[PDB]
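Following: one structure in structure tokens, then a few remarks.
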Amino acid sequence: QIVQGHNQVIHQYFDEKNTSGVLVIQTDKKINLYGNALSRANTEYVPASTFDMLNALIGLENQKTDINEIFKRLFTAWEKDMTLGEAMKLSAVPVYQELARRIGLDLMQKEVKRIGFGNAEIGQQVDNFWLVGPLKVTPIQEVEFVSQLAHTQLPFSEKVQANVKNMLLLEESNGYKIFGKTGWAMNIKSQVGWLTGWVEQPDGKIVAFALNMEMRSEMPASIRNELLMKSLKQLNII
Ligand SMILES: *C(=O)[C@@H](NC(=O)/C(=N\OC)c1csc(N)n1)[C@@H]1N=C(C(=O)O)C(=C)CS1
């Protein structure tokens, strides 16, 4: 069941910011859509840095890296030695590009097709297909992927999935944990912003989300997290 959720308030959150966006929520066997541009939920976009979740899974599963490896730029914040988990937190593109080159094109295409992530097209450049195309994915497809990660239902080892989940913890309070990954594809004709993840409630219940919106260069990166938290509170998910 995919349905519009009844929410006047979340539509207004997107409107106030003069942006077009959608929030996709998956619980149990229900997907609900919120926001002011619900047609975005079935629209294909580059995954941008959200692909780091799948890149990490493939690399760990195939023993191209491990969680303790120290990998020795656009942002000064990237200009340092770091682990795969620290690269996840910082969205350090060059670390993920190095991992992708280790995986190589043959393995990468085989794995993305096996998973069926989005359109599953990687083309011929192994180091940037998730940033500039041809790989594209819908917000509904992203919520389904991350819900499977959260439930350890992807077709990877249980330990590898647990290790990637542990890299994704964003916030917690009152026993609720929020896991996820941001992405932003800048310097294109319509900028796309992502925040895809899940809430783990105190009893262990999982509520998955994918926020997908049009970005502007004037916005702070944190607008994605702010809109997500306001929306999740409004829905009583946190
Ligand atoms: C991931 O989305 C990644 N974004 C980029 O590398 C891009 N631009 O940043 C300069 C990009 C991807 S496709 C395109 N045309 N441009 C990182 N994303 C975040 C984030 O929080 O979303 C960052 C911390 C900066 S770079």
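569 is the number that my numbering gives the last residue of the sequence shown; the numbers go up by one with no jumps.
Don't be surprised by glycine CBs; every beta carbon is placed ideally from N, CA and C.
Shell residues, 6 Å Cβ cut-off relative to heavy atoms of ligand 1
Those residues that bring their Cβ nearer than 6 Å to a heavy atom of ligand 1 are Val-377, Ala-379, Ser-380, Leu-405, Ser-422, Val-424, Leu-462, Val-463, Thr-513, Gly-514, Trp-515, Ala-516, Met-517, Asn-518, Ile-519, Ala-552.
Looking at the unbroken alpha helix (DSSP H) that takes in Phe-540, where does it start and where does it end?
Taking the first residue of the sequence shown as 1, we reach residue 540 at position 209. Residue range 537-546 is occupied by the beta strand (DSSP E) that includes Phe-540, with no alpha helix (DSSP H) assigned at that position.
Determine, using beta-carbon pairs with one atom in the segment 400-409 and one in the segment 444-453, whether at least three such pairs fall under 8 Å.
Put simply, the segment 400-409 does not touch the segment 444-453. Fewer than three CB pairs are less than 8 Å apart.
Identity of the residues DSSP links to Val-530 by a beta bridge
Numbered from 1 along the sequence shown, position 199 holds the residue referred to as residue 530. Answer is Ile-509, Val-538.
Look up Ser-504 in the DSSP assignment and say whether it is helix, strand or coil.
To locate residue 504, count along the sequence shown from 1; it is residue 173. Reduced to three states, the DSSP call for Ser-504 is strand.
Does DSSP put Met-439 in a helix, a strand or coil?
Here residue 439 refers to the residue found at position 108 when the sequence shown is read from its first residue. In the structure shown, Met-439 sits in a helix (DSSP, three-state: H, G or I).
In its own chain, which residues sit with a C-beta less than 6 Å from the C-beta of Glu-473, not counting the 5 before and 5 after it?
Numbered from its first residue, the sequence shown carries residue 473 at position 142. Cβ within range, chain order: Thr-527, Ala-541.
Consult DSSP for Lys-360 and reduce its assignment to one of helix, strand or coil.
Locating residue 360 in the sequence shown gives position 29, where the first residue counts as 1. DSSP places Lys-360 outside both helix and strand once states are collapsed to three, so it counts as coil.
Assuming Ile-362 contacts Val-355 (C-beta within less than 8 Å), just tell me the rounded distance between them.
Translated into the one-based positions of the sequence shown, residue 362 becomes position 31. Translated into the one-based positions of the sequence shown, residue 355 becomes position 24. Indeed they touch by this definition, with Cβ atoms about 6 Å apart.
Which of the three DSSP states, helix, strand or coil, is assigned to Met-498?
Counting from one through the sequence shown, the residue named residue 498 turns up at place 167. Three-state DSSP puts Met-498 in coil, outside helix and strand.
Backbone secondary structure at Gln-343 - three-state DSSP:
Sequence index remark: in the sequence shown, residue 343 carries index 12 (1-based). Correct three-state label for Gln-343: helix.
So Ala-379 and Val-523 are supposed to be a Cβ contact under 8 Å. How far apart are they, rounded?
Locating residue 379 in the sequence shown gives position 48, where the first residue counts as 1. Locating residue 523 in the sequence shown gives position 192, where the first residue counts as 1. The pair is a contact, with the Cβ atoms about 7 Å apart (cut-off 8 Å).
Quick one: what's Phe-402 bridged to in DSSP?
On the sequence shown, position 71 is the one that residue 402 refers to. Answer is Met-413, bridged to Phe-402.
Taking the alpha-carbon of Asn-505 as reference, which of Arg-547, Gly-416, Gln-565, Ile-569 has the nearest alpha-carbon?
Position 174 of the sequence shown holds residue 505. Per the Cα distances, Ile-569.
Locate the beta strand (DSSP E) running through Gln-335, then write down its first and last residues.
Counted from its first residue, the sequence shown places residue 335 at position 4. Segment 333-335, the beta strand (DSSP E) holding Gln-335.
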